[PDB]
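Student: Sequence first, structure after; it's an experimental one.
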Amino acid sequence: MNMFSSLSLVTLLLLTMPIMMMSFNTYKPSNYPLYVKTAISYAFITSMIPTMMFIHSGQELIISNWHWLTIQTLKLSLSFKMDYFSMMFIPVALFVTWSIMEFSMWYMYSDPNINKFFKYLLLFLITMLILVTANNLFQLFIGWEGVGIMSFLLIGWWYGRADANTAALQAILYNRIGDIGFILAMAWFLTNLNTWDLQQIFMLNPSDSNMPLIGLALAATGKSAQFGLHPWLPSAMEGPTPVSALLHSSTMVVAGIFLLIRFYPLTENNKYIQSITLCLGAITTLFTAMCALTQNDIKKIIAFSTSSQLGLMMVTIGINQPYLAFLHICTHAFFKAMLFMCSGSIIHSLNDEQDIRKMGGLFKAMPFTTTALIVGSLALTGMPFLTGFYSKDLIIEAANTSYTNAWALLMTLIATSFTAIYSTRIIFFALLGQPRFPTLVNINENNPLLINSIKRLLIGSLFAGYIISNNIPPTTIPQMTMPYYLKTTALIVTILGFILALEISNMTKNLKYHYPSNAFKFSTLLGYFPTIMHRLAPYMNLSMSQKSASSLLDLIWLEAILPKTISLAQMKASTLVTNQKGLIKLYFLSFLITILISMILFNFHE
Amino acid sequence: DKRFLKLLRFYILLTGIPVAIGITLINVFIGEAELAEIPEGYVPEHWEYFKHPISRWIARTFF
Amino acid sequence: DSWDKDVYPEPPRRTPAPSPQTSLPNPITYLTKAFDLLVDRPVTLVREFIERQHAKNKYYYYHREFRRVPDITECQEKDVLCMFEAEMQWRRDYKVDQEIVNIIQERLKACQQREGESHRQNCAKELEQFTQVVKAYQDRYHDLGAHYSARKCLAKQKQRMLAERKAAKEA
Amino acid sequence: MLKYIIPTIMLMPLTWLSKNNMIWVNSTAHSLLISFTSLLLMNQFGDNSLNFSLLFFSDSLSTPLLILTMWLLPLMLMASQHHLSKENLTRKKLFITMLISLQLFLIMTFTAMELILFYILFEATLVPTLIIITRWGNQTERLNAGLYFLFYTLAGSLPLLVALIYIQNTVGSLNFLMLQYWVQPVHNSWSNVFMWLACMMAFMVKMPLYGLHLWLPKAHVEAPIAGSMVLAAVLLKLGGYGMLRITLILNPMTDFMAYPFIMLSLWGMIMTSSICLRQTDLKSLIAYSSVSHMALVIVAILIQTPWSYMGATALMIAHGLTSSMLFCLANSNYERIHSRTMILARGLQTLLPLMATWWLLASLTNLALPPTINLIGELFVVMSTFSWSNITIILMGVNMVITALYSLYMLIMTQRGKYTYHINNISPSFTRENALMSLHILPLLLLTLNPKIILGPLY
Amino acid sequence: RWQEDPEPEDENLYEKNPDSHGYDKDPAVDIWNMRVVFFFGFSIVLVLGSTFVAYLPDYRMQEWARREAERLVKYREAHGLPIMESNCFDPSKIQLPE
Amino acid sequence: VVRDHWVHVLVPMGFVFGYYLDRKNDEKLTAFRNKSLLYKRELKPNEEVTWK
Ligand SMILES: CCCCCCCCCCCCO[C@@H]1O[C@H](CO)[C@@H](O[C@H]2O[C@H](CO)[C@@H](O)[C@H](O)[C@H]2O)[C@H](O)[C@H]1O
Ligand SMILES: CCCCCCCCCCCCO[C@@H]1O[C@H](CO)[C@@H](O[C@H]2O[C@H](CO)[C@@H](O)[C@H](O)[C@H]2O)[C@H](O)[C@H]1O
Ligand SMILES: CCCCCCCCCCCCO[C@@H]1O[C@H](CO)[C@@H](O[C@H]2O[C@H](CO)[C@@H](O)[C@H](O)[C@H]2O)[C@H](O)[C@H]1O
Ligand SMILES: CCCCCCCCCCCCO[C@@H]1O[C@H](CO)[C@@H](O[C@H]2O[C@H](CO)[C@@H](O)[C@H](O)[C@H]2O)[C@H](O)[C@H]1O
Ligand SMILES: CCCCCCCCCCCCO[C@@H]1O[C@H](CO)[C@@H](O[C@H]2O[C@H](CO)[C@@H](O)[C@H](O)[C@H]2O)[C@H](O)[C@H]1O
Ligand SMILES: CCCCCCCCCCCCO[C@@H]1O[C@H](CO)[C@@H](O[C@H]2O[C@H](CO)[C@@H](O)[C@H](O)[C@H]2O)[C@H](O)[C@H]1O
Ligand SMILES: CCCCCCCCCCCCO[C@@H]1O[C@H](CO)[C@@H](O[C@H]2O[C@H](CO)[C@@H](O)[C@H](O)[C@H]2O)[C@H](O)[C@H]1O
Ligand SMILES: CCCCCCCCCCCCO[C@@H]1O[C@H](CO)[C@@H](O[C@H]2O[C@H](CO)[C@@H](O)[C@H](O)[C@H]2O)[C@H](O)[C@H]1O
């Protein structure tokens, strides 16, 4: 308890020390990026000790060290839940962040603000670890919005670029809409359970949890970028590639799914929530994978893959398998961060070229990047016994053996096939064929920072899934009996995707011109959702803001009905009173009228 | 900008360091009060109902 | 130790004895020994030093006792001098009752964590005690408003007592 | 309270007897020392307020407001001394005198134990504020702004005076301690409907209430920087403080009299947040932000629950430091480009890096980023309003979305993008300006560590 | 028109005093103004004031209430009494209407 | 006391004077010193008043 509790806090304290040094001018800014990277590597080592203790005996504890505030009967303490989800996510997140940070030393070498970049990456990580170990909802909210703000700051890294500022504000906007559900859940739990603590919520176990869980789902819809609040994640590609790798594997996008996992004691009993998340996940995974089929920006293809993988996780929540969903978070972190670092390696070597149509012939020119890309692609598609297979395969065969929506199951299976198609697109168009890039060749992947960072995540994309699966305790009843055609479904549809993708890819080399189909434009333009919503909604809101709220009401009608009317009457009355002829005859004639009406009408004389 | 931040750091530490050192010596050599039952017939002063010496000093001197 | 075990109960601890069924060395065992030598030992000596200083300067602080004064029930109406004391007493008891509900809530949360996957059955006593105390607290203090007072609490009680009389009258 | 009233008065002889080149140094130094001693007011008890004499008392509601008031006077002096540099020496001393006299009326207003004494001091703040706006504002419209400020307040204050005197005639006392024990319920009648309105309309105009807010965009924009700092930070809180006290004697009639004003606020905040999205004047944008935030305070005071009173108290303190910082930030730009137009100077983060950090920190506190006390207050109010009616989560949630959009829109438009080519007088930020920014944000962020001292009497 | 002075030119404090702190034109007054703001603002009010607040003696007696509640819970559970009763005031002292 | 720094005692003296006047106010509000039901007690052999 003393070592477990002590070591699980140094990890969090260790990560803040570079922040304290920077903010307190006590550092040698010579190689601050190396300092930050070194601290992350040491945090990973210290985080393994608590995890090994959990692996050994399932030891878990809650630390409520600091009493912050008591609001009548709601005591709020700084608390950390060191449980199954915390003890496995933290070492994975640190290990992936260790590679991303070493990679970013090479990738952001030329940046004049690289020191600030590494500080922001570290804050991004600290806010995610606050989120993942939070024991009460208020502490969770701190990390929930912390990653949201760091995301805003990093996506808009190149702040001279109008597109980077639009994309950054878009991320805040979509995540703030999701945060309405978070605030809703907090208010319901406080009102109905008198707690924001996760322990009291589960002990009381509310039966009518429709409203709190709908709020939690809405929060997850925004953070995890599910259909409806999805467009911001592809737009987040405006950021430097290291941001995309970290924002897509760890940190932001996984927080939405993690929030629903943390509340599985509630959702596991509420069928109506399971149906909603299942259908929300199924439309997301299908729709975004469909979008990736025709993208030409390499970062956007990988970005839409993350959206489709997060949709798959929501489906797993929707079929009451929170632990499989968590496993997919952990395995996904490895090969998705590797894929982004591989694309960054290609983009850097081709002078910031991101269109796959201007790549080609890089299979032999960039051998190590090629190997990592193929390993990352095979892991993504569920190649047997790579890291991806140990989560994705169990999810698919747990979904076709469940009591489940048939459309959601069928849509999920098609998305698995689409996963093999857009994966083949990247390999075919980036690596194969003849080079299509400019004539001054500058390819070079020989920096040790680049090689070592990818090499560690390559070892992770091969064995990490096998290691984790064989060390985590069982918490369900794995359903291992099924017909052959349900067992091998994921494997088969994946193979069909590769074959169909290859034929489609090879037909681009024929000398035939074909007019675009309606479905091709629908996929390419993202179902027209950003084209319509991001013009219509801003226009209606912004026009109302000016025409009605500001002009009609504030500058006219609220002026007209009070100050302008009152003051106009006073002016008119003044002119009536003071416009007189100065004639003695008229004033004294008015005296006689006053005396008469004073007696005849008002009887002032009686 | 750099001059302002150096001035900001200097003037915070100008009192912050003596305070942090002063607090540490108080916590080490003076220490906290121990909780005891009110002796019979004894009327504690209003500042004797607080644990930390600095809290006791604040109560006695000002409040 | 430091707190009363009765106010904050904790069931007896039952840790199983090590039963290694592997020839391999346990990394946790050697990490624990290193932690004791490199962390616990030097930390303990630094504390033992500090405790030697606190023993040379031993002084006491006390828990304030508040004598009971008449309640607002005994106060003649608009008699501020007696109303003030009863009102101050009622406010002191209100804060204490808030902390009582916090103690019962802290027992409940500790049990839920301690019992693990068996909490739904092993924390039924703490759930019941929490339910009873929250019911009592709600009756005393709920719906009084921001401008709550002993007078408003009494009116809420009288309304509740009147309904209880009527319901019995039905019987 | 004489240990704060007397030294605050002594600031006036200090300023008038100073050397001509030390008026700012002396007044700023000694107003900071007064600010230091104000911390002795935090000797608060769980049951009893701190009752000094027959005239003045302090409780957890007035104490944080007093500490904010005395802290702002030093900050208003530093903010002012640049644009008054060319001013005649005696007119500089008079300007400082108005600020000191405003502080004197404020610290007595927040501690007066009798409501009619509160009324007189509540009203006495009009005079120095009006003089500051009209004498030392820059534009032609400052004269009209003073008239709107004066008559919007007085139109509500005069009915309040009649109501208070009527309450004293019938109850026999206006001392607030007495009103806690002698209070009687208000039964329905057209007579009591108008007693309620006369007791609440003066405070609603000061907040301001949506519909009665037109004076504030004019006054908060035409005023000199110091005038805007006090108007936003403190004077708006006289309305909130007054409501928090007088609602004691209005029950249970507040149950149904609150409905028209809760509706004006819930819808008002969404209307005034949306206005900020299309504002062309940076100071005007900030002013309309204050209306949106103070709408929450009005709702929290009216629904009258323990959580909403804690949230209202936190919001008033947090808004005071944030809104004051934003006006000061916008003033620093204005002192360089001599225009309030927001789109005029862009990409300023490229030319003024550190000052862009203050812009970010000010913006984050404005959009209520947790665990800032801005979020703490705004969250507590949302928790209590949800219980009042669950559907209010929709309006609170929408306002939180819109507030982030305009908070970051102001940050993006002024600090990011490309710098305006023809603006070539953006000198580096002065030490005075950097220190003035950090004296808002640092105390604001420190209070997160110990938020209980700004949660009011119901903590 | 009329006889009026033209608008005076803008004065950049850094041209005469590159080390300007932005307080005063006079370099000696300018340094003193910065000193009082920083020392009295940061060193005194913020640093010492924060220390004062941290060591406030049991602000609003929340710590006494927790100690008192523990004493009551211990006494009530030992003697078999209820932890908390629904009635705040003893009903023997109340006279219901009707 | 110097010709250049005598003005810096005005505000400190106002605080001392205000502090003093506040204490003298407390001397007009002793009607219930050692007389409230909550705190009424006996005087310690050497004591004169419970609070001054
Ligand atoms: C509450 C906090 C409790 C823990 C307090 C411990 C404080 C000890 C601080 C030691 C120095 C920290 O600040 C900083 O540390 C790192 C590592 O040594 C140093 O950094 C040095 O090593 C790193 C990597 O090894 C290099 O990238 C860097 O080029 C080099 O300067 C800085 O020069 C030093 O300024
Ligand atoms: C879970 C992971 C599963 C991974 C599965 C990986 C792919 C499995 C094999 C997919 C199909 C193999 O490809 C099959 O054989 C050869 C390639 O050798 C192709 O042959 C092709 O060669 C040339 C390329 O130079 C094309 O221009 C030509 O149009 C076509 O004839 C066939 O068109 C295809 O039917
Ligand atoms: C809602 C409750 C309380 C409301 C009380 C409101 C009473 C009125 C307060 C403001 C009094 C200002 O009185 C006067 O108003 C008008 C506009 O309104 C201003 O006049 C200005 O607007 C008018 C019409 O919009 C123009 O014709 C005129 O050219 C322009 O100067 C005057 O400069 C001002 O002297
Ligand atoms: C709820 C009670 C509210 C009580 C509020 C107190 C009332 C104060 C009354 C001030 C009356 C004088 O306000 C007067 O308003 C008119 C507005 O038409 C202004 O007049 C202005 O607009 C009119 C037409 O719009 C023009 O003809 C005129 O040239 C222009 O100056 C006067 O310049 C101003 O003197
Ligand atoms: C570093 C920041 C400082 C902030 C400003 C605070 C300055 C003063 C702080 C500490 C003052 C001394 O603290 C004081 O120490 C003595 C210990 O002897 C305590 O007093 C106790 O011990 C002494 C004997 O030694 C006896 O009076 C008696 O046994 C008991 O009262 C006080 O209860 C405590 O208030
Ligand atoms: C922004 C402005 C907000 C405006 C808010 C409007 C609120 C309207 C409140 C209406 C309720 C007033 O309170 C009501 O007054 C009438 C007085 O005639 C009382 O009734 C009394 O007169 C009526 C006659 O009309 C009789 O029916 C009744 O027998 C008698 O007792 C009611 O017992 C009381 O319920
Ligand atoms: C500027 C925005 C305008 C938006 C429109 C807002 C309309 C607001 C109307 C004010 C409220 C009027 O309606 C008000 O309802 C409450 C009940 O809740 C009534 O309250 C009264 O009647 C109820 C029963 O009717 C009784 O329990 C009791 O005698 C009393 O509470 C008031 O007698 C009535 O006047
Ligand atoms: C407990 C209360 C504490 C209150 C503390 C208030 C501190 C205020 C600090 C202001 C210090 C100014 O002190 C300053 O000292 C020098 C000599 O001593 C004076 O005299 C100086 O003025 C000029 C400036 O033009 C100098 O160039 C010259 O060296 C000298 O003649 C200044 O006129 C005076 O302004």
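Tutor: Structure's in. What do you need? Residues are numbered from 1 along each chain as shown, chains lettered A, B, ... in the order given. Ligands and ions are numbered 1, 2, ... in the order given.

Student: and the spatially most central residue of chain E, what is it in contact with?
Tutor: Nearest residue to the geometric centre of chain E (C-alpha atoms, centre = their mean): residue E:53, 7.4 Å. The contact partners of residue E:53, taken as C-beta atoms under 8 Å, 6 or more residues apart in numbering or on different chains, are D:39, D:42, D:450, D:453. C-betas here are computed from N, CA, C, even on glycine.

Student: Next: residue E:78.
Tutor: residue C:6.

Student: tell me the contacts of the closest residue to chain A within chain E?
Tutor: Per C-beta to the nearest C-beta, residue E:62 is where chain E lies closest to chain A, at 6.3 Å. Listed by C-beta under 8 Å, 6+ apart, the contact partners of residue E:62 are A:70, C:95, C:99, D:46, D:452.

Student: For those, name the two members farthest from one another.
Tutor: Taking C-beta to C-beta as the measure, these span a maximum distance of 14.5 Å, between C:99 and D:452.

Student: buried sites along the longest helix along chain A?
Tutor: With secondary structure taken from DSSP state H, chain A has its longest helix at helix A:162-193. For helix A:162-193, the neighbour count (16 or more other C-beta atoms under 10 Å in any protein chain shown) marks A:164-165, A:167-190, A:192-193 as buried.

Student: So what's the gap between it and the chain middle?
Tutor: 11 Å (C-alpha atoms, centre = their mean, to the nearest Å).

Student: now swap in stretch F:39-48 and tell me
Tutor: Counting by C-alpha atoms, centre = their mean, stretch F:39-48 comes out at 19 Å from the chain centroid.

Student: do stretch A:214-222 as well
Tutor: 12 Å.

Student: got the contact list for it?
Tutor: Contacts for stretch A:214-222 (C-beta under 8 Å, 6+ apart): A:144, A:174-185, A:188, A:226-229, A:256-257, A:259-260, A:263, A:273, A:276-277, A:280, A:314.

Student: Go back to these and keep what's next to chain B.
Tutor: Contacts with chain B are made by none of the contacts of stretch A:214-222, judged by C-beta under 8 Å from any C-beta of the partner chain.

Student: For ligand 4, what is the nearest residue in the stretch 251-400 of chain A?
Tutor: residue A:259 (51.8 Å; C-beta to the nearest ligand atom).

Student: Can you report how many residues neighbour residue A:31?
Tutor: 12 (other C-beta atoms under 10 Å in any protein chain shown).

Student: quick one on the thing from earlier: more crowded one of residue C:99 and residue D:452?
Tutor: Neighbours per residue (other C-beta under 10 Å) separate residue C:99 from residue D:452, with residue C:99 holding more: 24 against 20.

Student: could I get stretch A:206-222 in PDB with only the CA atoms?
Tutor: The C-alpha trace of stretch A:206-222 is given here as PDB (Å, rounded to 0.1, in the frame of the first residue of the first chain):
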ATOM      1  CA  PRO A 206     -30.000   4.300  -9.600                       C
ATOM      2  CA  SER A 207     -32.500   2.300 -11.500                       C
ATOM      3  CA  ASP A 208     -34.000   5.200 -13.600                       C
ATOM      4  CA  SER A 209     -30.700   6.200 -15.100                       C
ATOM      5  CA  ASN A 210     -32.000   7.300 -18.500                       C
ATOM      6  CA  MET A 211     -31.300  11.000 -18.000                       C
ATOM      7  CA  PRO A 212     -27.800  10.800 -16.500                       C
ATOM      8  CA  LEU A 213     -26.700   8.300 -19.000                       C
ATOM      9  CA  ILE A 214     -28.100  10.200 -22.000                       C
ATOM     10  CA  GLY A 215     -26.100  13.100 -20.800                       C
ATOM     11  CA  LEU A 216     -23.000  10.900 -20.500                       C
ATOM     12  CA  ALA A 217     -23.600   9.600 -24.000                       C
ATOM     13  CA  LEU A 218     -23.900  13.200 -25.300                       C
ATOM     14  CA  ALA A 219     -20.600  14.100 -23.700                       C
ATOM     15  CA  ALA A 220     -19.000  11.000 -25.200                       C
ATOM     16  CA  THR A 221     -20.500  11.800 -28.600                       C
ATOM     17  CA  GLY A 222     -18.600  15.100 -28.700                       C
END
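
Student: how about it: buried residues?
Tutor: Buried, per 16+ other C-beta under 10 Å, within stretch A:206-222: A:206, A:209, A:211-222.

Student: Check stretch D:253-262 too.
Tutor: Result for stretch D:253-262 [16+ other C-beta under 10 Å]: buried residues D:253-254, D:257-258, D:261-262.

Student: How about it and ligand 7, any contact?
Tutor: Yes. Applying C-beta under 6 Å from any ligand atom, one finds stretch D:253-262 in contact with ligand 7 at D:255-256, D:259-260.

Student: Does that stretch reach ligand 3?
Tutor: No. Contact of stretch D:253-262 with ligand 3 (C-beta under 6 Å from any ligand atom) is absent, the minimum separation being 13.8 Å.

Student: Just the C-alpha atoms of that stretch, please, in PDB.
Tutor: The C-alpha coordinates for stretch D:253-262 follow below in PDB (Å, rounded to 0.1, in the frame of the first residue of the first chain):
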ATOM      1  CA  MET D 253     -43.900  36.300  -2.600                       C
ATOM      2  CA  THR D 254     -40.600  35.700  -4.400                       C
ATOM      3  CA  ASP D 255     -42.100  32.300  -5.400                       C
ATOM      4  CA  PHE D 256     -44.200  33.800  -8.200                       C
ATOM      5  CA  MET D 257     -42.700  37.300  -8.500                       C
ATOM      6  CA  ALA D 258     -39.400  35.900  -9.700                       C
ATOM      7  CA  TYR D 259     -40.900  34.300 -12.800                       C
ATOM      8  CA  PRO D 260     -40.900  37.300 -15.200                       C
ATOM      9  CA  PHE D 261     -37.300  38.200 -14.100                       C
ATOM     10  CA  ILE D 262     -36.000  34.600 -14.300                       C
END
